[PDB]
Protein chains: 6
Amino acid sequence: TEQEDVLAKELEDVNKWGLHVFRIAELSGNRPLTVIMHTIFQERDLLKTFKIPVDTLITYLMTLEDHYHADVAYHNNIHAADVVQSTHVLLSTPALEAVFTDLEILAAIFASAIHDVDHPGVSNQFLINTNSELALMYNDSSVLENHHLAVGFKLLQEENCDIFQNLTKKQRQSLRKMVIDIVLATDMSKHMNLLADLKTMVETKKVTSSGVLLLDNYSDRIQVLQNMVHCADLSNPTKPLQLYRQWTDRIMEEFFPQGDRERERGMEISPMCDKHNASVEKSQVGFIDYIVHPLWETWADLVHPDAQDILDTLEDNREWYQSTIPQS
Amino acid sequence: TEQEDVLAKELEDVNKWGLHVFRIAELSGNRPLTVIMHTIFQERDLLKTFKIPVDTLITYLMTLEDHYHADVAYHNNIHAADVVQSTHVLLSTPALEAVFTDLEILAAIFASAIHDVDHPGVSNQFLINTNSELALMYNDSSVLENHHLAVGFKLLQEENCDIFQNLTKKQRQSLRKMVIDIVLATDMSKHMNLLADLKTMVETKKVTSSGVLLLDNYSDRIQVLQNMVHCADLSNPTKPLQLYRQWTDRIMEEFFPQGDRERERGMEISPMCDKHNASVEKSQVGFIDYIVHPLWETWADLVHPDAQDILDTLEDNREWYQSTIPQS
Amino acid sequence: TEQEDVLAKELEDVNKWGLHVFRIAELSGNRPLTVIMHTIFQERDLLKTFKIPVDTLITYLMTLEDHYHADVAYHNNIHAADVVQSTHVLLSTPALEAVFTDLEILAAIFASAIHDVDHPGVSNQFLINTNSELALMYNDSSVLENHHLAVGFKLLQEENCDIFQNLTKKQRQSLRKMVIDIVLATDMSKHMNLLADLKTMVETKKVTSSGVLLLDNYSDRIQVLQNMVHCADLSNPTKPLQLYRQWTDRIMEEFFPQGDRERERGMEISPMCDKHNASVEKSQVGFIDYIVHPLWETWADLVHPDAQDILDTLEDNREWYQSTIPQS
Amino acid sequence: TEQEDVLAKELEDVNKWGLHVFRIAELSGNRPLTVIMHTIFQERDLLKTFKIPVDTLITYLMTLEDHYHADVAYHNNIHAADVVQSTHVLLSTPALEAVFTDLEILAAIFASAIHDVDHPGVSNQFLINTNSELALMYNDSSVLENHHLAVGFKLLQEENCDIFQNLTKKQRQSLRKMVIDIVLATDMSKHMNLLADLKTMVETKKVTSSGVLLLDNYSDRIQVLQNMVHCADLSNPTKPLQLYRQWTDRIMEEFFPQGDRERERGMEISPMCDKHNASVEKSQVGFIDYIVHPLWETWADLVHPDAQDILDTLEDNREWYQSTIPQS
Amino acid sequence: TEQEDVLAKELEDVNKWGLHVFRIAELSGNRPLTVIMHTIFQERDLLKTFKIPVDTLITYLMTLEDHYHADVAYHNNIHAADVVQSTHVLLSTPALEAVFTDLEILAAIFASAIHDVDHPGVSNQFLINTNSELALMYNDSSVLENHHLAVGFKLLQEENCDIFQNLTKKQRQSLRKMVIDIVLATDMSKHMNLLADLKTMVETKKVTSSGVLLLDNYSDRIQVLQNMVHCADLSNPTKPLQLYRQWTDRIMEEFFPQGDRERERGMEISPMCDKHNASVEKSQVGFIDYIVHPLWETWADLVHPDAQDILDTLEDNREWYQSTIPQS
Amino acid sequence: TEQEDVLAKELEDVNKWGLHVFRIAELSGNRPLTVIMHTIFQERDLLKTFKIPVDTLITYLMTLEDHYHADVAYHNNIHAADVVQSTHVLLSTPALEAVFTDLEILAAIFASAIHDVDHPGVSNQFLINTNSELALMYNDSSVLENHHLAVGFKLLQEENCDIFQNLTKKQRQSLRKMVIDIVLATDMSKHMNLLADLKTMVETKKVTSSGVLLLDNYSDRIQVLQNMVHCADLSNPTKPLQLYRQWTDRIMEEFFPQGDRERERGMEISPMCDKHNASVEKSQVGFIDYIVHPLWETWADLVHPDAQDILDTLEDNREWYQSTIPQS
Ligand SMILES: COc1cc(-c2ccc(=O)[nH]n2)ccc1OC(F)F
Ligand SMILES: COc1cc(-c2ccc(=O)[nH]n2)ccc1OC(F)F
Ligand SMILES: COc1cc(-c2ccc(=O)[nH]n2)ccc1OC(F)F
Ligand SMILES: COc1cc(-c2ccc(=O)[nH]n2)ccc1OC(F)F
Ligand SMILES: [Mg+2]
Ligand SMILES: [Zn+2]
Ligand SMILES: [Zn+2]
Ligand SMILES: [Zn+2]
């Protein structure tokens, strides 16, 4: 147990934003998802609360993690582990003190864990344009996201892989509904609407004297959980620069093979996916300007100002990439 | 070619509302869909307009029809053939004179043809509650409707079953989009919204001096096509009583086995599906009062008054079933 | 003063809906507008209330009437006189008891009087398509309606033609605004919006215990006056059949010469304007179904049920024309 | 061809924001509009694309420019030339890459060119209050803007002045509609609504990965073109201070004669138009604070951040004028 | 115990719509409220469910009933008893099966019981116009309704008059809130808004397969309870004609003395309150047309079709009063 | 008349935002309300415009001021005087130039003057929870606000205390309505709705060329007056820091005795009212973040940018208090 001590030391920052997931990925023999999921369940005492057999949890996590493609640069088990950990941190934000039930917390975390499982490394648009079997199956509607959900739920049926075995029938139904609602919201084509509803909610925001939010009905809470996992899924630009840059390299490394795939097919090369005409820096600045910042700014509003540091980091990272943009 | 003359004589009423599809079903050796689809394509000169190889058309129709379950009382090839023929008639309504392009007409008719293919005879709710593989796959969202589309499109890939082989790439894309949008609208859980948008469209209705509707953009036209196939799908109570009654018998015959299936499962017997406590007459009156009449009344408004007779027949049939309701 | 007694006897029905304006037209030597306007001003004591010199009133009315084309079958001084009289009757509806100020009443009546002055007998669309100087002038926007207002106001500047000479500067400004707002609303291309706002107002309708409407702000009152003159302008189908039919003959007599004009120009013959392919009866049924009935039904709602008889007459006249529709 | 070289050298900055239009005005013998319009048409290859006879173009431009009053300090051919050039630059903004068709581009530029033709040097309000023939004509509604359109279109009818002679009938119709919609939007009384719709469009803003806007329907594109020409028309405070100040001098020089005109009429002197009580500096700061900055800030958002420099210049110029405000 | 048997026989119809409350009023020595409230509490087992001391209940009911003025023709203990009984019946409608908790049922019934207590026989408007101490107190806002609530709650404080003595502190708080919300909704000036929200709720209506409504949150349920007691309060025209007519006589008998009071004050006589110019028949037809029918029609929709008979009766009674309208 | 000169010198800043009301309170022998009200009435020539007997005005002001509790740290005559003066300044904002009638101006100022009269120093919630007679009276609805109105109007009835004695009956009615509507809007529980309507009004904002707002109907104007007095009532954090801090000390000094009162009652100590656990600085930052800034930001928008300085001051004061927040 040499470096196993270093691993355990790294996992001590599970509640901190910039957790170094990449190191944990190595120190765990490529099991960041299993490791992090397990430690978060311990941390949240979910194992006890829902009577989840530890052996069952690990058996499931192992299978789930196995279904994340190793030959995929970005959408893999490290990404999954990252979104899980980020959702974990966001759930603990002060403004959301005791707002969510244990079942809702469980759903959000489980949803994060499976949100991209079995991702092939190509976009929904690619799958649609190449007339993939997956697109045929899902009628070009949230092709990947639907698939992720199917796979994640399917794996629960195997050998004591069913970590939810001891939840009441009603609880199992709720969890399935919430998980489906959250993961389907990670589809980027739903970003605008999601953000719109979030803004509508930031106004008409009901807060208790202390500072905690007041979410009465389900549709209000599920909306927050959706945007939360969405923020977690799009949190790379808000993490410490060293991490962010690694992610950017991975996502570009994945976009290019798709562009290559498209060049072979004779297809119109998707934007950013063109190896010979990419502006990595500009793309990041744009990605932040059009998607990430608008979203996080709104989130920062809702949980004001618990997200103030994250927002600041985002804006700093934008300037860094901005400066890196070639001037010629 | 003895009764083959009678069949050809029956098909002469392909443009009339009360076509006797059940007779055509027999006279064709249980090939009403293939027969009616083919005659409507001839009638509309679609074979020529889209260069569809006749042999290819029949090959596809045969396969498609084969995928409609024979042991299913209502959701089968006769129902499919009926919705196709009804859509065909509705498309020819005066108020919609030259409003739709040939591609849109093609899509609506093709959509009708595959709208319920491979239907198992149980409801989406049943599939969801019994944790079916199909519901797991489609995340309890338009489970059946999604499946119908997948199967119908999949069959096109086989042996010269691709009747669309000679459409431009752009046309193939539009047709697929429209077909998906139309079939997903046949999901009954979307009825209220669909009807709501239709009403919003009846007001603000733009008509030319002659009487023809003015549909400018796609979202306006696709909305009409959706409601149209939806009306066709829920057209039984508007057909001649002799036909309507046969349909009612079939739908109840199908509902009960589901109720039986549920009784075995130990599940709560769905309403109307309970063999020992059904009020067939009341159910029809209710079905007409809450769903069919509200929908057709609105449709009758949009195409006023081309649908006046259909509305009258509907109201007459309602009174007939009303009278039949036991008074004890 | 032989028949001058009959004329005075006819004018006794100035407050009744079916006034026989055509007879009054003859008995007055083609001065129905001057005659009816004068008698309504007397009737409403407007001459006193606004210190209008009787000689000035008649001088203006004469000039105004003179500017209505004699060679125009429908849009002439008899039509003007009719809309004036109808607005007069509508203003007296019980539901609008003391709702409007004398200035507003004056504006509505004056607006009616000039609403179609100097009408050339062709449609706005014709003027636009033929690149008329009038359309060039008004940028194809409410070409005729703008023109009517310009002419009607311009005539006031002449020889003691200024019947408003004794209104305060503020009153003159309000009257001009209201008149412009009402006449521009007679443009048929604004029918849908006008009707829409009227419906929105029928809901949220505030009525006093007795039954009188409650119109607080100007935009509410000007909206009612707009729709009122619009109803008056489209009141032919709601008058006694003998009158209605005469109007229908005149309007068709005017549409055809435009159609002839278009045939000469080599232009696409406008619908209904085609002498060799008109279905006068069908056109009326359509006109009532798509425009008149929807409007009057809404108006009948707002002033419920003071307009109940008018609505009934409208529906009876629809059936009459319906029956007259050739069955071959 | 001495200074004709300097002129050609100045025109080299036709694609740059701060083009020195005033110098070009002199170097061209007071033909900045003709010169700049011609060079922009060359630059955009519109002459070729729409088969416009060069002789016809110059003939029209000459006539158009002639109809701009020489004795009017601000609303003259230099202003027209300036709005044209600014629209030209705005059209080339990165965010609007290939968003507009050539016809739409043509419309926007042509609209800018005639947007103030035959402007008398007094406001719409003045024309209305003085009961001008123009106000009588247009019923106090966008009096000037309507007139500009009428004159600009009328001039096309003359001697090979019809630069649009080779556009299909459909194109001519679209161009006319767009031109009318754009110029009528230059009416300042429509600023609040226009800005409101623009803000509504900045949210719900659909952008492609690269950064280009996505405008699907016409009403979306015409709305952008409207606000664009409106921005161009109110672009003075955003230009280099040396230019801005010259414009401010001209506009104040024009406002005062109106104020003088009003003093003679015995009318209430309009604000800012009072020669003896004007605060030129304060007025500019106010003009920027209430109109210009709110508009440009919104525009900068829509095309973010292509307009960042323009916004900065605007804010700098505001501070300059702010400092100049007398402290006594 | 002679007629005490008849009384007990009458109370047997406590669950039926047309209960003869007037007879019960006599047979009980003018204690219809006490009698009917008690029998409804027994009927609903509320005494047990909330541990209400029977002696306490009667003590309170007696005091409450005593605070209803005997010299008031309509707004007295019989009216109170009627609204209570009607609310009781409406609560039992099939469509609202197990929708409300016992506390909510208690609140609705208690609210009905005190909804008009200590009513002086004059309108809020009268109280406002005469500068009553009550209007001064309540700032002309729901003057009477506020007063009713104050008195009804105040009486609970007396000698074992506190029938809620055994409810948890939380329950007492909820009941007070609901009661206040319901009674303040009986203010006629809030009718339009209440009806508006009810219509909005009829659309978007969520019903279970069986037919029962689905009311998730409180604001949805309290809205239904509000409209319910409002319907009960305006239920006279929906009751059997013999009853309805007696109510109409009483309400007119009360309106007139107010009209007399106003004639003495020298005040403008309120509409309908004028003894010498009333059209009792017309007033009822109007009352039904503008208030009662619109409300009940909407309610009938929400609980469709449990209220079908009530609606029919209402429409029959309208025609009766319509016919009675003098024709001279 | 020693310091009476200093007093008169202080009152010279009555039209300036940061007026030092506390000094004026001393220099006037604790009569800031009477003094400031009188000077504002002089300033606005209201005495003349409404024929208010000066002796009557002072008699009323003296009585009114007397009804503000001396033993109440915040909600007293100095607060009243402050809200009056602030409303006075806001009414004079450029953007609202001649928008309000003299009666509306009178109502707003009178409403401010009485808005908290006879305030006991405890919250509505306290009065409700302690079952106060006042809460019983007003059914827990705007308990204090209703009371303030009642007392302020009641005092007018006394000895020539009726300053409105010479207003027409109609004017008296309007003033009463507006005053009631404005004061009831000072209830903090209506803040969210009020702000919501204000935002809805900032969009769809209609402004004249010059910069002045356009408020057509009453409901629009009364809405602005409501939010105005609401802004005035919540203006402390927007005043110069020296003033703001004094107010903060007073409000906390008042909150604590309530908390003490609650500790004695054995009640749950209200937030912020707990003497032993208050974070005065944090509370202010929160108060500004959740209530004040959101409100003023919106107001600044409506009257843009007349309120720019006030907004800046608010944000500066927020940072000051933020810095003061203990870091341990
Ligand atoms: C209750 O009756 C009917 C119900 C349905 C029907 C179809 C889809 C569905 O989801 N629910 N009901 C279809 C037909 C019916 O009756 C008759 F027309 F055959
Ligand atoms: C107050 O300043 C200016 C005002 C206008 C201007 C234009 C149209 C209008 O209606 N009102 N003002 C135009 C330019 C100005 O200043 C400078 F840019 F030249
Ligand atoms: C005009 O008739 C009626 C009016 C009311 C009634 C009640 C409250 C109110 O404010 N206005 N009218 C109540 C009953 C009536 O009639 C009959 F049902 F008794
Ligand atoms: C938390 O601070 C403050 C709170 C209030 C305040 C007023 C009414 C209310 O209901 N709640 N808080 C008023 C002023 C404050 O601070 C400062 F401006 F004096
Ligand atoms: Mg202009
Ligand atoms: Zn201009
Ligand atoms: Zn009542
Ligand atoms: Zn206050």
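Residues numbered from 1 in each chain as written, not as in the entry; some residues may be left out. Chains lettered and ligands numbered in written order. Heavy atoms only, no water.

## Focus on the coordination of the zinc ion (ligand 6)
Residues and elements named next belong to chain D.
Thinking step 1. Looking at the metal site, the zinc ion (ligand 6) is ligated by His79 (NE2), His115 (NE2), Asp116 (OD) and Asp233 (OD), spaced 2.0 to 2.3 Å from it.
Thinking step 2. Its 4 donor atoms give the zinc ion (ligand 6) angles of 76 to 154 degrees at the centre, a pattern that matches the irregular case.
Thinking step 3. Between the zinc ion (ligand 6) and the magnesium ion (ligand 5), a spacing of 4.1 Å is present, and a bridge between the two is formed by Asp116. Of this pair, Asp116 sits in the loop between helix 7 (102-114) and helix 8 (124-129) while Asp233 is found in helix 13 (residues 218-233), placing the two residues 117 residues apart along the sequence. Accessibility classification places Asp116 together with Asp233 in one group, the buried group. (Donors = N, O, S within 2.8 Å, 3.2 Å for Na, K, Ca; no water. Tetrahedral: all angles 85-135°; square planar, octahedral: opposite > 155°, others 65-115°. Helix = DSSP H or I, 4+ residues; strand = E, 2+ residues; numbered from the N terminus. Buried < 20%, exposed > 50% of the residue type's maximum accessible area, 1.4 Å probe, protein only.)

## Notes on the site of ligand 1
Residues and elements named next belong to chain B.
Thinking step 1. Residues in close proximity to ligand 1 include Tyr74, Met188, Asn236, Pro237, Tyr244, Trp247, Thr248, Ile251, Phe255, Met272, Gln284 and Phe287, which together make up its full environment.
Thinking step 2. Between ligand 1 and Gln284 there is a distance of 3.0 Å, counted from an oxygen atom to a side-chain nitrogen or oxygen.
Thinking step 3. For the shell around ligand 1, the elements supplying multiple residues, two or more each, are helix 14 (241-265) and helix 15 (280-302).
Thinking step 4. Among the elements that make up the shell around ligand 1, the one with the highest residue count is helix 14 (5 residues).
Thinking step 5. A class-by-class count of the residues in the shell around ligand 1 yields 9 nonpolar, 3 polar and no charged. (Near = heavy atom within 4 Å. Polar contact = N/O pair within 3.5 Å; in protein donor to acceptor, adjacent residues only side chain to side chain. Nonpolar A, V, L, I, M, F, W, Y, C, P; charged D, E, K, R; others polar.)

## Quick look at the nonpolar core
Among soluble globular proteins, nonpolar side chains are generally buried collectively.
Thinking step 1. With 205 residues, the main nonpolar core has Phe100, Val179 and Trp299 of chain D together with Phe100, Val179 and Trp299 of chain F as its most contacted residues.
Thinking step 2. Beyond its immediate chain neighbours, meaning those up to four positions away, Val179 of chain F contacts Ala107, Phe110, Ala111, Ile114, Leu149 and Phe153 of chain F.
Thinking step 3. Within the second largest apolar cluster, 118 residues are counted, among which are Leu103, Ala113 and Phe153 of chain C together with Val143 of chain D. (Core = buried A, V, L, I, M, F, W, Y, C linked by side-chain atoms within 4.5 Å. Contact = heavy atoms within 4.5 Å.)

## Quick look at the arrangement of the chains
Thinking step 1. Summarising the chain contacts, 10 pairs of chains touch, and the pair with the most contacts is chains E and F.
Thinking step 2. With no contact formed, the shortest span from any C-alpha in chain A to any C-alpha in chain E equals 7 Å.
Thinking step 3. At the C-alpha level, the nearest point of chain B lies 23 Å from chain F, with no contact between them.

## What about the pattern of salt bridges?
Thinking step 1. Inspection of the entire model under this criterion finds 96 salt bridges over all chains.
Thinking step 2. Residue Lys154 of chain F pairs with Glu133 of chain E through a salt bridge whose shortest N-O separation is 3.4 Å. Note that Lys154 of chain F is positioned in helix 10 (residues 143-154) and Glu133 of chain E in helix 9 (residues 133-137), a pairing that runs across two chains.
Thinking step 3. The exposure class assigned to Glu133 of chain E is exposed, which follows from its relative accessible area of 52%.
Thinking step 4. One connected set of salt bridges, linked through shared partners, spans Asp260, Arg263, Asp274 and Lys275 of chain A. (Salt bridge = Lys/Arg side-chain N within 4 Å of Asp/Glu carboxyl O.)

## Digging into unusual backbone geometry
Thinking step 1. Following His304 of chain A, the chain continues into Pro305 of chain A via a peptide bond in cis, with omega recorded as 0 degrees.
Thinking step 2. A positive phi angle, close to 55 degrees, is found at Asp45 of chain B, a residue other than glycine.
Thinking step 3. According to the relative accessible area criterion, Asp45 of chain B is partly exposed, its value standing at 38%.
Thinking step 4. In this structure, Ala98 of chain F is a non-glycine residue whose phi angle is positive, near 50 degrees.
Thinking step 5. Note on placement: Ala98 of chain F falls in the loop between helix 6 (77-91) and helix 7 (102-114).

## Topic: the site of ligand 2
Residues and elements named next belong to chain D.
Thinking step 1. For ligand 2, the full set of nearby residues is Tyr74, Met188, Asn236, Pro237, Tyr244, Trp247, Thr248, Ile251, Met272, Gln284 and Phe287.
Thinking step 2. One of the side-chain N or O atoms of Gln284 is found 3.0 Å from an oxygen atom in ligand 2.
Thinking step 3. Protein coverage of the free-state accessible area of ligand 2, which is 440 Å², stands at 81%.
Thinking step 4. Looking at the shell around ligand 2 residue by residue, the classes come out as 8 nonpolar, 3 polar and no charged. (Areas by Shrake-Rupley, 256 points an atom, 1.4 Å probe, with all protein chains shown as cover.)

## Observations regarding the relation of the copies chain F and chain E
Thinking step 1. The transformation that overlays chain F on chain E combines an axial shift of 0.0 Å with a rotation of 179 degrees, and the residual RMSD is 0.0 Å. Each copy turns onto its partner about a two-fold axis. Relative to the rotation axis, the C-alpha of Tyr138 of chain F is the closest in chain F, positioned 3.8 Å from it. (Least-squares fit on C-alpha atoms.)

## With respect to the UniProt feature "active site" in chain A
Residue and element names in this part refer to chain A.
Thinking step 1. Residues given the UniProt feature "active site" here are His75.
Thinking step 2. By the element assignment, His75 lies in the loop between helix 5 (54-66) and helix 6 (77-91).
Thinking step 3. Of the polar contacts made by the side chain of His75, one reaches the side chain of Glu254; its length is 2.8 Å. (UniProt positions renumbered as here; feature names shortened; annotations may be inferred.)

## Concerning the interface of chain F and chain E
Thinking step 1. In this assembly, 17 residues from chain F lie in contact with 17 residues from chain E.
Thinking step 2. Roughly 1,400 Å² is buried in total at the junction of chain F and chain E, and carbon and sulfur atoms are behind 46% of that figure.
Thinking step 3. It is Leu136, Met137 and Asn139 of chain F that lose the most area in chain F upon contact with chain E, and together they represent 40% of the buried surface on that side.
Thinking step 4. Linking chain F with chain E are 4 salt bridges, by the criterion used here.
Thinking step 5. When the shortest N-O distance is used, the salt bridge between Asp140 of chain E and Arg176 of chain F registers 2.5 Å.
Thinking step 6. Secondary-structure elements contributing two or more residues to the side of chain F that touches chain E are helix 9 (133-137), helix 10 and helix 11 (169-184) of chain F.
Thinking step 7. Top contributing element to the side of chain F that touches chain E by residue count: helix 10 of chain F, with 5 residues.
Thinking step 8. Its residues assigned to classes, the side of chain F that touches chain E comprises 9 nonpolar, 4 polar and 4 charged. (Buried area = accessible area lost by both parts, 1.4 Å probe.)

## Quick look at the packing of aromatic side chains
All names here are of chain A.
Thinking step 1. Applying the stated criterion across every chain yields a total of 51 aromatic pairs over all chains.
Thinking step 2. Taking 5.8 Å as the distance between ring centres and 75 degrees as the angle between the ring planes, the aromatic pair formed by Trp17 and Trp296 counts as edge-to-face. Here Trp17, found in the loop between helix 1 (4-10) and helix 2 (21-27), pairs with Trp296, found in helix 15 (residues 280-302); they are 279 residues apart in sequence, far enough to count as distant.
Thinking step 3. Residue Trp17 is classed as buried on the basis of its relative accessible area of 14%.
Thinking step 4. Residue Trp296 is classed as buried on the basis of its relative accessible area of 1%. (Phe/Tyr/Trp six-rings, centres within 6.5 Å; stacked < 30°, edge-to-face > 60°.)

## Digging into helix 6 of chain A
Because an α-helix packs 3.6 residues into every turn, residues spaced three or four apart end up facing the same way.
Residue and element names in this part refer to chain A.
Thinking step 1. Over its 15 residues, helix 6 extends 21 Å from the first C-alpha to the last, a length consistent with the 21 Å expected when each residue adds 1.5 Å.
Thinking step 2. In terms of burial, helix 6 is a largely internal element, 15 of the 15 residues being buried.
Thinking step 3. The N-cap residue of helix 6 is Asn76: its side-chain oxygen and the backbone nitrogen of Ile78 are 2.8 Å apart. (Expected span 1.5 Å × (residues − 1).)

## Here's the deal with the UniProt feature "binding site: AMP" in chain A
Residues and elements named next belong to chain A.
Thinking step 1. When the UniProt feature table is mapped to this numbering, "binding site: AMP" covers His75, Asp116, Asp233, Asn236, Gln284 and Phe287.
Thinking step 2. Only 2.7 Å separates the side chain of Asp233 from the side chain of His115, close enough to count as a polar contact.
Thinking step 3. Within the secondary structure layout, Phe287 lies in helix 15.
Thinking step 4. With near-sequence residues (within four places) excluded, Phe287 lies in contact with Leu234, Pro237 and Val292.

## Here's the deal with the packing of helix 14 (residues 241-265) of chain D against helix 15 (residues 280-302) of chain D
Residues and elements named next belong to chain D.
Thinking step 1. Their axes nearest at 12 Å, the elements helix 14 and helix 15 cross at an angle of 110 degrees. Comparing the axis directions of helix 14 and helix 15 gives the class roughly perpendicular. Seen from helix 14, the contacting residues are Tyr244, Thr248 and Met252; seen from helix 15, they are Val280, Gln284 and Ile288.
Thinking step 2. Class assignment for the residues of the contact of helix 14 with helix 15 results in 4 nonpolar, 2 polar and no charged. (Axes fitted to C-alpha atoms, helices over the stretch in contact; angles between N-to-C directions. Parallel < 35°, antiparallel > 145°, perpendicular 65-115°, else oblique.)

## Regarding a negative patch on the surface
All names here are of chain A.
Thinking step 1. On the surface, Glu297, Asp301, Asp309, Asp312, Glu315 and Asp316 cluster together into a patch of negative charge.
Thinking step 2. Looking at the negative patch, the elements with two or more residues in it are helix 15 and helix 16 (308-324).
Thinking step 3. When residues of the negative patch are assigned to their parent elements, the largest contribution, 4 residues, is made by helix 16.
Thinking step 4. Structurally, the position occupied by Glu315 is in helix 16. (Patch = residues over 30% accessible without salt bridge, like charges linked within 9 Å, V, L, I, M, F, W, Y side chains within 5 Å. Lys, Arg positive; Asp, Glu negative; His and termini not counted. Charge placed at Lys NZ, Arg CZ, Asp CG, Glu CD.)

## Considering the packing of helix 15 of chain A against helix 16 of chain A
All names here are of chain A.
Thinking step 1. Contact geometry for helix 15 and helix 16: axes closest at 10 Å, N-to-C directions at 165 degrees. By the angle between their directions, the pair helix 15 and helix 16 is classed as roughly antiparallel. Crossing geometry of helix 15 relative to helix 16 is assigned as left-handed. Seen from helix 15, the contacting residues are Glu281, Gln284, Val285, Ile288, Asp289, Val292, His293, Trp296, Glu297 and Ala300; seen from helix 16, they are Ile310, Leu311, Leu314, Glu315, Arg318, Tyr321, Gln322 and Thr324.
Thinking step 2. For the contact of helix 15 with helix 16, a count of residues per class yields 9 nonpolar, 4 polar and 5 charged. (Left-handed = near helix turned anticlockwise from the far one by under 90°.)

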